[PDB]
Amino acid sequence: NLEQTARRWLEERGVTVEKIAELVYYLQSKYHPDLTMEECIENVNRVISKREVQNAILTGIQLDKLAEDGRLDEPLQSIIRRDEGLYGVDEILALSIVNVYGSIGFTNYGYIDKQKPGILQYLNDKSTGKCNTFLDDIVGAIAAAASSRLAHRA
């Protein structure tokens, strides 16, 4: 009942196994020019296929939505809502995701977590009124999680 809920929750906000893959493609496009955008997608599918990751996305977005619609007691409400730089509970879940496939993909998550290419740029809410404080972290975390797998099979 999880593998599923995950993707519709992911989609429900505006993220697809597609743009996610567009990211994994960026992290290893230069190193694997010989590869299909489909390849990326399946690693992404396998990342999202593991419980620990799904176990998070729910928790992650649950807070994002819960903060956006703000039923959060203060100052937690404000903290999350303002994607506070000294607040790191989000990056923690992000880490568990990236950690699923091992140490190998850490420097990765940290690069797209700063830079923020593709949809990560969007999810940093360009004032979309929405709160993507956690997903912006779990998303990129899933990407680099896939980058670490993509290499574990090639």
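Residue numbers here begin at 1 and follow the sequence given.
Asker: Quick one: say whether 35-43 or 55-63 has the higher mean Cα B-factor in the deposited entry.
Answerer: 35-43 has the higher mean C-alpha B-factor.
Asker: Return whichever of 118-126 and 85-93 has the greater mean Cα B factor according to the PDB record.
Answerer: For C-alpha atoms only, the mean B-factor is higher in 118-126.
Asker: Taking only the Cα B-factors deposited for this chain, tell me whether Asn108 sits in the lowest, middle or highest third.
Answerer: Its C-alpha B-factor belongs to the lowest third of this chain's values.
Asker: Which third, lowest, middle or highest, does the C-alpha temperature factor of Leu135 belong to within its own chain?
Answerer: Highest third of the chain for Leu135's C-alpha B-factor.
Asker: So where's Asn99 on the chain's Cα temperature factor ranking, which third?
Answerer: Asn99: CA B-factor falls in the lowest third of its chain.
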